[PDB]
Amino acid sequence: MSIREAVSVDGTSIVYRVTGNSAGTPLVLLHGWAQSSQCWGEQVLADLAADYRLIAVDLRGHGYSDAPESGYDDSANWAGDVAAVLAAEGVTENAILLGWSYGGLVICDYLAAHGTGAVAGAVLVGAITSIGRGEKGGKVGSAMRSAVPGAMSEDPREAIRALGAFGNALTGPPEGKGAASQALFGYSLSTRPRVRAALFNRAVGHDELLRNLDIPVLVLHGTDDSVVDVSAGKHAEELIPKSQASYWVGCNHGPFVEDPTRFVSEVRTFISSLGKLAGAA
């Protein structure tokens, strides 16, 4: 059975999808603000599930997960969500955590709370790692600044208008990708407005964690990301001791949409890099 749920520390049910090879390295996918476990694209999901035990999570308040009334500003709830998924799957080591945008912050809340015992590597895709004034890891782009707080309203007129401030930032050039462009706008619309707001009504700084991670981390980030400034990825690269970076020239916030083959290729190479094969060649 592919679709499952785990109960976090506050009693929130967190829905997730497990696909791929049972024997393979666990790859946990954490999506971004006002999206879902369906954002990644069918081709990306199919390709990653070939080698990995693929675990695609619906963040609290998103997708099919429970939407509690409060607690979105508590790092311990986010941490408990990832811990609970990992435990339900019996994952105690070697996991790869991948986070898009807000997913990066979820990973950091989790690593801040549990350390790196269960984890061999992480991938930060157009990710924030902090939120708040002066947080270089939390630097948003112009599109996101026009989109908020109108994108948080329950008023459809305002929410539709505001979310169009994103333009094509999620997809890049949208030709031939209309279904995906529709679906991404859709997930944001069906994310409860109160959840959309609660996610950014918080502050947390994680630079001290970044400087002390003992795991390899790939920073994968569009140079033209108008949602999360590429400066945030560059900051993570600068602070993380075992960082690797791939900056996609001309790419916006959705590299997995703009070039699903390249995205899969870069993630597979990263994960394979964590063994002893590179040493051999």
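Heads up: residue numbers just count along the shown sequence, starting at 1.
Of the two segments, 180 to 188 and 144 to 152, the one listed with the higher mean B-factor is 144 to 152 (C-alpha atoms only). The deposited model assigns a higher average Cα B-factor to 163 to 171 than to the other stretch when 125 to 133 and 163 to 171 are compared. Comparing the listed residues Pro193, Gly117, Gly80, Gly104, the entry records the largest Cα B-factor for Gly117. Sort the chain's modelled residues by C-alpha temperature factor and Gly99 lands in the lowest third, per the entry. Among all modelled residues in its chain, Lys139 ranks in the highest third by Cα B-factor. Split the chain's modelled residues into thirds by C-alpha temperature factor. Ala84 is in the lowest one. Sort the modelled residues of the chain by CA B factor and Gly61 lands in the lowest third.
Among the modelled residues of the chain, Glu208 sits in the middle third by CA temperature factor in this PDB entry.
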